[PDB]
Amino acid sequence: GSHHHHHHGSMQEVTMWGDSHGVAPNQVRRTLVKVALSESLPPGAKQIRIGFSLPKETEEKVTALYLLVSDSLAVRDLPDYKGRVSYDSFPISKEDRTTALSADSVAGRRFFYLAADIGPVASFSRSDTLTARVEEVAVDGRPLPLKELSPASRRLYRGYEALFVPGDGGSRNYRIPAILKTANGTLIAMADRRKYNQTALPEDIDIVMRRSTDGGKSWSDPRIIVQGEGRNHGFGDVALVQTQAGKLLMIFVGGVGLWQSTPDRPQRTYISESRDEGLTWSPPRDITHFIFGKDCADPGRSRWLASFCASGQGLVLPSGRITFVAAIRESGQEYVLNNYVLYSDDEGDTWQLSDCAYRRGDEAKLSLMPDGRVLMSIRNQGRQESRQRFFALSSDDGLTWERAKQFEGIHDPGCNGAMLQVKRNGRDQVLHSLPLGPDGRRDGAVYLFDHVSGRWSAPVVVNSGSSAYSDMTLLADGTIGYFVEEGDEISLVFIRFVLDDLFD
């Protein structure tokens, strides 16, 4: 083995991890440091003592400390599991720097969490972070060597909440975030309820929603909107818009996997609408026949094999044209997709396709440029070219397209993300979310592209660690809502900030 293992008895081993998830004001029992014993305290043990450090700056920002003890070693803050993780909570005065528990109180458990309640104040600047470190763990007065695997650094944001966490509602997993703000200010958050594992269609997957009518301060209980009915009969990959008439429209796929779809046995595209701010939804309407396959009225598309619209959001143009970008498989000989805009000029009654927007594309998004042109951002799938994100432009409201290399300059490890057109210090810019990588789904970042200089900013990492798909919206009061896949076993996390919190 990698280490020398002695033969004079059993050896307890202690591992610790500092936490780096984001936080927000007033949150309760936020983990700062996790400590794991390799085995239960031995039968004759009487006490464990944990000593720690916590800088004045962090002390000033918390209202209370605790030691939590659990039989489970959890990834996220213990309240995020809604009781599915059992734990006891032992208060510590915020000024103290040591705490002790009897072995009887520990009751055989191995997992300890130094946690804090967060106060009401913050600057939200890049440097506005919370930290602590466990400095000693002693059993019956005998210290143990600590293996430190990460430092603690929790950034304060104006809002931070995991909206879908593994195990919620009985679903093992969650993926594929979509966020919509309506004109009346309602927030609709949807996801794939990946009930048995984290894998894609053709697994059995449902679509789930939560809603907020207070700007994301509080969220409704999750509701299953579309129920999967078995393998090959699931649903997922939601994108959302609100039409000019006010109705909400969700588009999604169901059925077999993307690469299993064929013209005669497709993975289908469905739409559903809500006329009451997402409280109720119409039964899913299959619109596959407008796109491809056996029932399509255009014989030139009746042998196309598959199509899916990119999860997250579409775009409703000033004209009222409703758009989503589809990635379409035109040949069964190749694992290649081409992008086309799927659009409706009649509030979703009928749907048409643009001319081809991008060859060898993948999930793509739209945004409205200051002068009315439409910008497409296309996922780079298969490490093409220089591993950069791809872009294209339309000046005819999405009907025809030309590649726009002048917008290229950010790396894409091959992942969905989102755009917002913003104005900052009088300048028209694009905010784009993607993982930073490089070459992997790590470090969820945002970048600003300055339209006039044609240059991208350095990235700002919003959420360090494993990070994948993201969607973003602009709240009415100027805040940005950023809805991201955090972690290897994903939770979908809604983070609120203003641009100056990240770029100032």
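Counting begins at 1, following the sequence as shown.
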Segment of higher mean CA temperature factor, 210-218 or 360-368: 210-218
Taking the deposited Cα B-factors and averaging over 153-161 and over 259-267, the higher mean is found in 153-161
Member of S395, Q198, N184, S171 with the greatest C-alpha B factor (per the PDB record): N184
Just the C-alpha B-factor column, please: which of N339, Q227, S102, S307 has the biggest number? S102
Chain thirds of CA B-factor: placement of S127: highest
Binned into thirds over the chain's modelled residues, the C-alpha B-factor of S433 lands in the lowest
Looking at the temperature factor on the CA atom of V85, which third of the chain's modelled residues does it land in? highest
Relative C-alpha B-factor of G234, binned into the chain's lowest, middle or highest third: lowest
CA B-factor placement of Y469, once the chain's modelled residues are sorted into thirds: lowest
